[PDB]
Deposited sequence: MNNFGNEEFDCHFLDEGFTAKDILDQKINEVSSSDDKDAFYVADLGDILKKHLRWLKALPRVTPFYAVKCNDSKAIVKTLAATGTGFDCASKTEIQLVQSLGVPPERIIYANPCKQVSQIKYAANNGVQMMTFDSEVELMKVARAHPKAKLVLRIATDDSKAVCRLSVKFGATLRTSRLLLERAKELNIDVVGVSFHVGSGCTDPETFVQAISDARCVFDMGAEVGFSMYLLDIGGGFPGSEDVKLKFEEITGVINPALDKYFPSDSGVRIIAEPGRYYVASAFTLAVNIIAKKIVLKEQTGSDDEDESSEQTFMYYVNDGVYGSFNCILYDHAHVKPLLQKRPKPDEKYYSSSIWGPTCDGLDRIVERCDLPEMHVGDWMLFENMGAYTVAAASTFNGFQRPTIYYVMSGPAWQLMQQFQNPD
């Protein structure tokens, strides 16, 4: 099923295919959860990106969703790839992507994995520490290093212990140390984060990147690569929309990294490309009614926080259950909870929402489930991952062909 793709007829959307599949399973017993993945939506996101950020080459963050069909489509489109490990490099290269379209954007890499990158010609890596410089000097000495600088996320849960990113003070020492060890530093990267509330953060980061560029010029480096990272939204169901962010980013890029300077600008978008392309259908497998006389309901579905909905814990996701069958306007709603299939009491998807009374065998839909869902799912309790059905229309395939030409 991984390399299986289905045709999407004219005048049909992913929602229609979802509905169709549901209605054909009504008689049968087998009602496992499943995804519909529209690869056309990914081509749409690429066009949108080419329009909004024409100076910025996108490098897809594979960790977001490592589905071979996703990476194959993006590779045909001509995007780069951000890989964080040996396995992701193997995946991307197995699909025929050359090393110069891969950035190894993990600042803290196991020596053996750095060695693997060196053996397969992946030259560009990020770093933010001296120990990383020593490891690179011993294990991949001809590497092109990108210094990752810190960004301020005022909304982060742990503000005093940031995992990644060098301060400006530390950046100067890192550049001088890299000069000592005869290691080539070719640019700067930063990551604003997914939970960005104010686009001005990007401007500050770009300004900071410029500052580090100047330091590199002082130490004797020929800096050309600016990596503005990821964190762009993957659906329209957010307060801060993609185009607002890009409208703030482009003037900053023109001001601080003008095209005549010879700078090459890239980004590492993960969720932007895939979030909205995947829709999840889960089946209500069990039901309890609790009287409070106000009726309330507990619904158990066949995916949970150990599966696709791990994003509730790891990605701070807020999931919105949608009904497959549109409800009548006068239908009565009830206070309801939604639970996953496992034995664990913390396997709860929705604490409290308003739903009409539903029945075992009814379906619930979750949109915008492409990013950091299947990539981090486990088989706790023995429950297997939902099948993914890939779809693509004819015109979407034509568009992909145009990109290949």
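Residues 1-6, 299-309, 423-424 of the deposited sequence have no C-alpha coordinates in the model.
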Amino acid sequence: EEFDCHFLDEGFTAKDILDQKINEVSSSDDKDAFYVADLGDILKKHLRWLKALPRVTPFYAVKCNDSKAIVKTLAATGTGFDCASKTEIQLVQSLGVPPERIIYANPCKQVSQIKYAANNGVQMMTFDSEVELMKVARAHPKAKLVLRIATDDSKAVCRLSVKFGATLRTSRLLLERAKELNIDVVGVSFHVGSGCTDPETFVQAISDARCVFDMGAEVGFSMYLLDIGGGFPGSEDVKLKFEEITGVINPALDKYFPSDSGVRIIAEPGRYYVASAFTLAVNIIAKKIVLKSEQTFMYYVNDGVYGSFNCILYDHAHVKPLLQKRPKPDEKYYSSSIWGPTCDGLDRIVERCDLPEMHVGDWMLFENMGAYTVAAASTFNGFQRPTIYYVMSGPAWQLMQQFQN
From here on, numbers count along this sequence of modelled residues.
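We call the rigid core whatever largest set of C-alpha positions still superposes within 1.5 Å between the two forms.
Between 103-111 and 257-265, the larger mean CA deviation from the shown form in 5 other deposited structures of this protein, after core superposition, belongs to 103-111. Across the superposed structures in 5 other deposited structures of this protein, aligned by the core, the stretch whose Cα atoms lie more distant on average is 162-170, chosen from 266-274 and 162-170. Of the other structures of this protein that model both sides of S293, a third or more give it no coordinates. Compared with other PDB entries of the same protein, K135 is present in all of those that resolve the residues around it, none of them, let alone a third, dropping it. For the two regions 316-324 and 299-307, the entry's Cα B-factors average higher over 316-324. In this entry, 161-169 has the higher mean Cα B-factor, the comparison being between 161-169 and 280-288.
Highest CA B-factor among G229, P141, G121, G270, as stated in the entry: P141. When the C-alpha B-factors of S28, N65, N368, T342 are read from the PDB record, the largest value belongs to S28. In the PDB entry, a CA B factor belonging to the lowest third of its chain's modelled residues is recorded for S85. In this PDB entry, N182 carries a Cα temperature factor that places it within the highest third of its chain's modelled residues.
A14: CA B factor lies in the highest third for its chain, per the PDB record. In the deposited entry, the Cα temperature factor of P99 places it in the highest third of its chain's modelled residues. The deposited CA B-factor of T77 belongs to the highest third of values across its chain.
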